[PDB]
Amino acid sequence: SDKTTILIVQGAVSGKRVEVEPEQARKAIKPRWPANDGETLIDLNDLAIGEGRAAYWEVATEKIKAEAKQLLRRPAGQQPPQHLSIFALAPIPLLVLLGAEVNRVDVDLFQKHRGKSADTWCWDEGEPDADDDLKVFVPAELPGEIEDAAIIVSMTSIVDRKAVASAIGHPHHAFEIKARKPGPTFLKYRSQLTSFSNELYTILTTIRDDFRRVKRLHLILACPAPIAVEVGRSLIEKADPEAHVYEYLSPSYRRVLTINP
């Protein structure tokens, strides 16, 4: 029941305004309570209007970096926030960036539950069923001199390996974390987020220890917002090479930003 700082992140590249209802996030953090009775907001709607997609990614990347730095700065006469409760609905690559930018502070991540119409941002009570766990596929071939490794998350849908190969444009190893039943309501319990984090850590450790020629990571994520944040949080600047982050722009994947270039 300690104090926490609520961070709301909301936006979209274009189209309908995306907003997080702060009353629902406040309900989700109970029994904890919001520092200053409020939230910090990073809004990523209506950036670079009419200027094209690349201008959006530029403006939004700089805004995420500047706002994360501001969020972690000491206010006058106070300490910096010690715990973030993050409620995010935003483009996947920007949430990877966000997770990397707040990786030095303790965080609680949350999922907007579609289908759970009350306590929408609250994690579900209960236990996961068999359709709710993960499968992890790793390369059949030895690392060798391959310089490129893809980390694929097939949670909201199945990622097509051929589209990944076309987007990466290099011979590569692939590691895949796949929902047993992919879909938009797969992620419901906090234990699933913990499971995902642990499986990703094992993959990153394997690449760091055994795939030492790998000079580029390629993150292809079909996953809910907190999973994208957790992917970003799991990167370690000096242990991992640059991580290229892709968006799904029908019918293909496109590289949109790089963590630790």
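We number the residues from 1 along the sequence you see.
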Response to the item:
Stretch with higher mean Cα temperature factor, 151 to 159 vs 178 to 186, is 178 to 186
Item to complete: Give the stretch, out of 120 to 128 and 81 to 89, with the larger mean C-alpha temperature factor in the deposited entry.
Response: 120 to 128
Fill in: Top residue by Cα temperature factor, when 113, 173, 170, 104 are compared in the entry
113
Worksheet, complete the sentence: Top Cα B-factor in this entry, restricted to 62, 199, 46, 39, sits on 46
Discussion item. Going by the CA temperature factor in the PDB record, which third of the chain does residue 35 belong to: lowest, middle or highest?
Written reply: highest
Discussion item. Can you tell me whether residue 13 has a C-alpha B-factor in the lowest, middle or highest third compared with the other modelled residues of the same chain?
Written reply: middle
Item to complete: Please place residue 94 in the lowest, middle or highest third of its chain by C-alpha B factor as given in the entry.
Response: lowest
Discussion item. Considering every modelled residue of the chain and its Cα B-factor in the PDB entry, is residue 100 in the lowest, middle or highest third?
Written reply: lowest
Worksheet item: Which third of the chain does residue 109 land in by C-alpha B-factor: lowest, middle or highest?
Response: lowest
